[PDB]
Amino acid sequence: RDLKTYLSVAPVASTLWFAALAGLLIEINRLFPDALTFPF
Amino acid sequence: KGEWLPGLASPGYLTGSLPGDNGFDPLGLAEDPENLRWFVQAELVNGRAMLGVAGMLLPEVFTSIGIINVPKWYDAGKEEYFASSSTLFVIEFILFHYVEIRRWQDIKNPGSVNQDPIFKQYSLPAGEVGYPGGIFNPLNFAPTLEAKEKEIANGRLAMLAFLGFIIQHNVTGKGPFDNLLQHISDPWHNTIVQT
Amino acid sequence: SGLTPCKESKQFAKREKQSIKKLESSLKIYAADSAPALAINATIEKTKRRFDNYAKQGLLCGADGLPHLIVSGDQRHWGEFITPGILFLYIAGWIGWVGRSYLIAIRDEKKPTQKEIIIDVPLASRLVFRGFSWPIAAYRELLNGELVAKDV
Amino acid sequence: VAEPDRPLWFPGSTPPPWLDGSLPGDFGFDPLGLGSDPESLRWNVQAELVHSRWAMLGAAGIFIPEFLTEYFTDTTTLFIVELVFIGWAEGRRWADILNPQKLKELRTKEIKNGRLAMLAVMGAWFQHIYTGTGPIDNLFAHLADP
Ligand code: CLA
Ligand code: CLA
Ligand SMILES: CC1=C[C@H](O)CC(C)(C)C1/C=C/C(C)=C/C=C/C(C)=C/C=C/C=C(C)/C=C/C=C(C)/C=C/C1=C(C)C[C@H](O)CC1(C)C
Ligand SMILES: CC1=C(/C=C/C(C)=C/C=C/C(C)=C\C=C\C=C(C)\C=C\C=C(C)\C=C\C2=C(C)CCCC2(C)C)C(C)(C)CCC1
Ligand SMILES: O=P(O)(O)OC[C@H](O)CO
């Protein structure tokens, strides 16, 4: 089963990483949309 | 000495020679020995928190029943001065300036143990960068050895303690002690979960 | 800064009303209780909300009626650039430091290029969090943050 | 500890080289191979175990509704204390994972029952979802008619 892991460790890694990154960013924007500034 | 986690194991840099060694450096900042000798000094000076955290906590609980009528630690900006605030900063700065550099040399070369203007008198007699005996220790306590590990450990908790104080203040809008006692209003419902 | 804040703005205020009326024009053909209905109304509250928030946080708004950011460093408007900027550099460095830390660990032994196209080494042993404290790379600078091969 | 005799799931034949019946409960099952690496199996093993141990208890939750034919501060604290507690618990269990012939029987049997709860604990809910009805009575209540 070593094989599947490696398979998931090529440029696909990039897609999974960018999909995870996109999901994070979009969800952040859902909770805090129309953000023109950091006010805290 | 001990280990922060049973597995994973201590690094080689964390020999145990240093007081308060527990093999906790997962990231790896202190890996270069020159790097440690500096971070060892920083941990002591930051740690010694203690002075302050106790300074912001204890007077807050001395004003518990009405023994003293002093403002909160986060309200002591003015007019806690017979000379106004801006006077004090410069005095605090200029002289602290002096003490800090002198302390600085001892980190690179120990050092500046001797007195200065003094016309005909003694000088500090000591060894070790982080801890200088002398009036710094008028009692002449025991530079041991375990305390050195006691010193740390208490300073480390104070640090986390400070981090607690400031955070908690925000949200709990008031005193880290009111805070403390708002929790005691029969907790189990008075948790940070509330906020 | 000839701009007068989004609160006492007549244009930026007018712009809010113009946008929501157009949205309201659209729901008239779908009949409330319907799907395209909320979606339009949900869009309207977001519209009101973002206009409401911008006036709160300051934001000066020009004569055109749109907020203009001030990046001079003015303490009144730090949240418009500096504070987000500090946050960016943090993440920007973190990425930079983690990536650099990786290629360094790879170089000794193995076939180095093998690790570059395939990284069945994840964060190596545990390299990611090392970025939590990247700024301590200042101390890496005083030692060997740079190689001495070419120039100084 | 090798044998071609173990009651395979699918008779004639079922022999994956990784599985051998050395382990307890080895009914020769894994077409996917979801663990052909010893690092792969040694982990799966522990995984397939702890699960079962939990599932059993879950079963012990199906034991209570037939005895009779949820908090002082709902969730929140109840969880953090749980997280904080089972954490340390599971904590050390983690550190241990990476650092008599009679007993084989016990452990072979332990897994199989354990395997049962999971299939069980599972069943009671994907029958409960979409289909608002408890399983409490169903054994002889649904046996009245298909
Ligand atoms: C200034 C504070 C400070 C400094 C300079 C040090 C320095 C040191 N520590 Mg110590 N430590 C501290 C605080 C500090 N510590 C606290 C508060 C604790 C309680 C957990 C510990 C627990 C600890 C253990 C168990 C060990 C050490 C050890 C060491 C030595 C090796 C590791 C190192 O280089 O540290 C690097 C210095 C830093 C990383 C300073 C910056 C740290 C970041 C930026 C602060 C994080 C802020 C906070 C998390 C923000 C909120 C986060 C959010 C999620 C809420 C070195 C002398 C090891 C040792 O052998 O001692 C001799 C050892 O094993 N420390
Ligand atoms: C290390 C950090 C630190 C620490 C440890 C302290 C500690 C203290 N501060 Mg301080 N402070 C700090 C930082 C710190 N501060 C900073 C950064 C600021 C901004 C300037 C201040 C500003 C500040 C102000 C304005 C004051 C303090 C005060 C105090 C003291 C409060 C208790 C008291 O009134 O006298 C101690 C209590 C006693 C001595 C009780 C015994 C009194 C004797 C026995 C007389 C007997 C009377 C009678 C017979 C007793 C019977 C009474 C009965 C009826 C109950 C305490 C020593 C108060 C102070 O200066 O204290 C005098 C106060 O005025 N601080
Ligand atoms: C909270 C509480 C409290 C109280 O006490 C009571 C109550 C309420 C009840 C509770 C609890 C409960 C619980 C704990 C539960 C649990 C459960 C579980 C664990 C399950 C599993 C479950 C699990 C499961 C199903 C699993 C399954 C699995 C499977 C199928 C697998 C398969 C396979 C394999 C093998 C391999 C090959 O090659 C392939 C495949 C095909 C892939
Ligand atoms: C303040 C401010 C401003 C200004 C700014 C300025 C003007 C500045 C500057 C600046 C400058 C003029 C700087 C410089 C420099 C330099 C150099 C010489 C460099 C370097 C570097 C390095 C070496 C890095 C490295 C690394 C890291 C560390 C991270 C990651 C990456 C690597 C890895 C890449 C304005 C006002 C605009 C805005 C507001 C704020
Ligand atoms: O050795 P401990 O258990 O006192 O650990 C220190 C705490 O994490 C805070 O100092």
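- Its PDB header attributes the entry to X-ray crystallography and lists the resolution as 3.000 Å.

**Side note on the interface of chain D and chain B**
- With five residues of chain D at the contact, the number on the chain B side is five residues.
- Residue composition of the side of chain D that touches chain B, grouped by class: three nonpolar, two polar and no charged.

**Quick notes on the nonpolar core**
- One finds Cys6(C), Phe12(C), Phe51(C), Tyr54(C), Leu59(C) and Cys61(C) forming the largest nonpolar core, which totals six residues.
- Apart from residues lying up to four places away in sequence, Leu59(C) is in contact with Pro5(C), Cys6(C), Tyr54(C), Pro67(C), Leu69(C) and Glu80(C).

**Considering the UniProt feature "transmembrane region" (unreviewed entry) in chain A**
- UniProt marks residues 5-26 of chain A with the feature "transmembrane region" (unreviewed entry), using the numbering shown here.
- Counting secondary structure, residues 5-26 of chain A comes out at 82% helix and 0% strand; the distance between its end C-alpha atoms is 28 Å.

**Observations regarding the UniProt feature "binding site: chlorophyll a" (unreviewed entry) in chain A**
All names here are of chain A.
- The positions that UniProt labels "binding site: chlorophyll a" (unreviewed entry) are, in the present scheme, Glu27 and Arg30.
- Within the fold, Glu27 resides in helix 2 (residues 12-31).
- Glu27 gets classed as partly exposed once you look at its relative accessible area, which sits at 43%.
- Exposure remark for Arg30: the relative accessible area of 59% places this residue in the exposed category.

**Looking at the pattern of salt bridges**
- According to the stated counting rule, one finds 11 salt bridges over all chains in the structure shown.
- Two residues, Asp34(A) and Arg50(C), come together in a salt bridge whose shortest N-O distance is 2.9 Å. Taken together, the residues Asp34(A) in the segment after helix 2 and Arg50(C) in helix 2 (residues 35-56) connect one chain to another.
- Using a relative accessible area of 26% as the deciding quantity, one classes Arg50(C) as partly exposed.
- The shortest N-O distance in the salt bridge between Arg6(D) and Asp26(D) comes to 1.9 Å.

**What to know about helix 3 (residues 85-108) of chain B**
- Across its 24 residues, helix 3 of chain B extends 35 Å between first and last C-alpha, which sits within 8% of the 34 Å expected from 1.5 Å per residue.
- Maximum bend of helix 3 of chain B: about 25°, positioned at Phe96(B).

**So, the site of ligand 5**
All names here are of chain B.
- Around ligand 5 lies a shell formed by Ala153, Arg156, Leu157 and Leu160.
- At 3.0 Å from an oxygen atom of ligand 5 is found a main-chain nitrogen or oxygen belonging to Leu157.
- Considering ligand 5 on its own, with 300 Å² of exposed area, one finds that the protein chains cover 40% of that surface.
- Here the residues of the shell around ligand 5 sort into three nonpolar, no polar and one charged.

Conventions and cut-offs
Residues numbered from 1 in each chain as written, not as in the entry; some residues may be left out. Chains lettered and ligands numbered in written order. Part of a larger assembly, values for the part shown. Heavy atoms only, no water. Residues with missing side-chain atoms left out of burial classes, pairs and counts. Contact = heavy atoms within 4.5 Å. Nonpolar A, V, L, I, M, F, W, Y, C, P; charged D, E, K, R; others polar. Core = buried A, V, L, I, M, F, W, Y, C linked by side-chain atoms within 4.5 Å. Buried < 20%, exposed > 50% of the residue type's maximum accessible area, 1.4 Å probe, protein only. UniProt positions renumbered as here; feature names shortened; annotations may be inferred. Helix = DSSP H or I, 4+ residues; strand = E, 2+ residues; numbered from the N terminus. Salt bridge = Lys/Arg side-chain N within 4 Å of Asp/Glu carboxyl O. Expected span 1.5 Å × (residues − 1). Bend = angle between axes of the 7 residues up to and from the residue. Near = heavy atom within 4 Å. Polar contact = N/O pair within 3.5 Å; in protein donor to acceptor, adjacent residues only side chain to side chain. Areas by Shrake-Rupley, 256 points an atom, 1.4 Å probe, with all protein chains shown as cover.

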